[PDB]
Amino acid sequence: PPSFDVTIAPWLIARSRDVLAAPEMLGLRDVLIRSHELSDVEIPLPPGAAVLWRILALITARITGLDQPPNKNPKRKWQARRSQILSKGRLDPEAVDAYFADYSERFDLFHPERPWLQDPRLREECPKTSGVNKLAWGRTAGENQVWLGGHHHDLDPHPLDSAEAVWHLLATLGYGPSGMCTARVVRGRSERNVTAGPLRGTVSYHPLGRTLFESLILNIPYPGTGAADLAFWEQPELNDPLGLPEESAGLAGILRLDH
RNA sequence: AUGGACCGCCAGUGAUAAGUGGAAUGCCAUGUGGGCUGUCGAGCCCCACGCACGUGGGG
């Protein structure tokens, strides 16, 4: 069976502190563990990186951010723990595996159920596949002309590398076109219309440092005190199309990652 | 065979109609161009003649 894991499979290009020659691609778990070692991890698509730094800020960061500044001058104490871990200069791998451990079997995007940032049921109710060309950026869609980025005629399209596929999926989850995508029925409801992505047409500002760990630490908005939150992949069960997108005072609702 | 290769910004259009630059006005007043002065022997060749002093013909 096909399987890919963000934690173990290599997709994230990584640059080391030394030499600055031959960046190697690594998984998400490895980057997390070897963070002080690497200066940065890079994605060729700025949309892909714009959502990427958002999700990476919810993993390493969440564990370090703690999701809980109650009493004690909240802002002051989070900045105190912040100074404490910033002083350590690194994250203990055992707390990473523990986080990964909670949902270790839930990451491999190609999951039959619970695929990464995806809806698995979707396959059954949509008659026409959008196609890779409609998903991937710089790639021509059905109505798009054949002039740029290699010519894709939408007949025998060359498949995206799985690592490549991951970058695109993440971008479309951030930036995404609005109106007239392919309709899927849900108990009688068919509406090809689609609204735009949450950050669409914007510049995301991520502070950097000398090493990875620094940036990841300095990348988390301070979560105000509020309801405990979780991510789309931290959701216990699927949302369903109908109904209200519930609010989320937690930072996962402030990383625009609740839904 | 280079964020490249292939690749039109493009189809249309009066700036028009009207109009004295016009009225007046001396560049005026003065001045030698002067002295000197007669127009009176190489020249390259051919030929003819010669009293070899020199004559003439032709180019």
# chains A, B, ... in the order shown; residues from 1 in each chain; ligands from 1
>>> residues_around(residues="residue 97 in chain A", least_positions_apart="3", cutoff="12 Å", atoms="only C-alpha atoms (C1' of nucleotides)", output="ChimeraX atom specification")
/A:7-8,28-30,32-33,59-60,63,91-94,100-104
>>> select_by_dssp(residues="range 39-119 of chain A", states="strand (DSSP E)", output="NGL selection string")
:A and (39-42)
>>> atom_distance(atom1="CA of residue 252 in chain A", atom2="CA of residue 232 in chain A")
8.6 Å
>>> residues_around(residues="residue 17 in chain A", least_positions_apart="2", cutoff="9 Å", atoms="only C-alpha atoms (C1' of nucleotides)", output="ChimeraX atom specification")
/A:15,19-20,36-40,210-211
>>> write_last_selection(atoms="N, CA, C and O atoms", output="CSV table (one decimal), in the first residue's frame")
chain,number,residue,atom,x,y,z
A,15,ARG,N,19.4,23.1,5.3
A,15,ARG,CA,20.8,23.7,5.2
A,15,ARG,C,21.4,23.7,6.6
A,15,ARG,O,20.7,24.0,7.6
A,19,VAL,N,29.7,24.7,6.4
A,19,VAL,CA,30.0,24.4,5.0
A,19,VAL,C,29.1,25.2,4.1
A,19,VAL,O,29.7,25.9,3.2
A,20,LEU,N,27.8,25.1,4.2
A,20,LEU,CA,26.8,25.7,3.3
A,20,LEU,C,27.0,25.1,1.9
A,20,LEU,O,26.9,25.8,0.9
A,36,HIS,N,18.9,22.8,16.1
A,36,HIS,CA,20.0,23.8,16.3
A,36,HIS,C,21.2,23.5,15.3
A,36,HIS,O,22.0,24.5,15.1
A,37,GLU,N,21.2,22.3,14.8
A,37,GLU,CA,22.2,22.0,13.8
A,37,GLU,C,22.1,22.7,12.4
A,37,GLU,O,23.1,22.9,11.7
A,38,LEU,N,20.9,23.0,12.0
A,38,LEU,CA,20.6,23.5,10.7
A,38,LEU,C,20.3,25.0,10.8
A,38,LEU,O,19.6,25.4,11.7
A,39,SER,N,20.7,25.7,9.8
A,39,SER,CA,20.4,27.1,9.9
A,39,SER,C,18.9,27.3,9.5
A,39,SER,O,18.2,28.1,10.2
A,40,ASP,N,18.4,26.6,8.5
A,40,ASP,CA,17.0,26.8,8.1
A,40,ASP,C,16.6,25.7,7.2
A,40,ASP,O,17.5,24.9,6.6
A,210,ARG,N,19.8,32.8,13.6
A,210,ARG,CA,21.0,32.1,13.2
A,210,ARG,C,20.8,30.6,13.1
A,210,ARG,O,21.4,29.9,12.3
A,211,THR,N,19.9,30.0,13.9
A,211,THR,CA,19.6,28.6,13.7
A,211,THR,C,18.1,28.3,13.6
A,211,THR,O,17.3,29.2,13.9
>>> closest_atom_pairs(of="chain A", to="chain B", cutoff="12 Å", atoms="only C-alpha atoms (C1' of nucleotides)", output="CSV")
residue,atom,partner,partner_atom,distance
A:138,CA,B:3,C1',10.6
A:146,CA,B:6,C1',10.5
A:147,CA,B:6,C1',8.0
A:148,CA,B:4,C1',9.6
A:149,CA,B:3,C1',8.2
A:150,CA,B:5,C1',9.4
A:151,CA,B:6,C1',10.7
>>> residues_around(residues="range 65-81 of chain A", least_positions_apart="5", cutoff="8 Å", atoms="only C-alpha atoms (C1' of nucleotides)", output="list in words")
residues 220, 222, 223, 224, 225, 228, 250 and 251 of chain A
>>> residues_around(residues="residue 1 in chain A", least_positions_apart="5", cutoff="12 Å", atoms="only C-alpha atoms (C1' of nucleotides)", output="ChimeraX atom specification")
/A:108,110-112
>>> atom_distance(atom1="CA of residue 21 in chain A", atom2="CA of residue 42 in chain A")
14.2 Å
>>> select_by_dssp(residues="range 58-204 of chain A", states="helix (DSSP H, G or I)", output="ChimeraX atom specification")
/A:58-65,74-88,93-102,104-106,122-125,132-135,162-174
>>> atom_distance(atom1="CA of residue 126 in chain A", atom2="CA of residue 192 in chain A")
10.6 Å
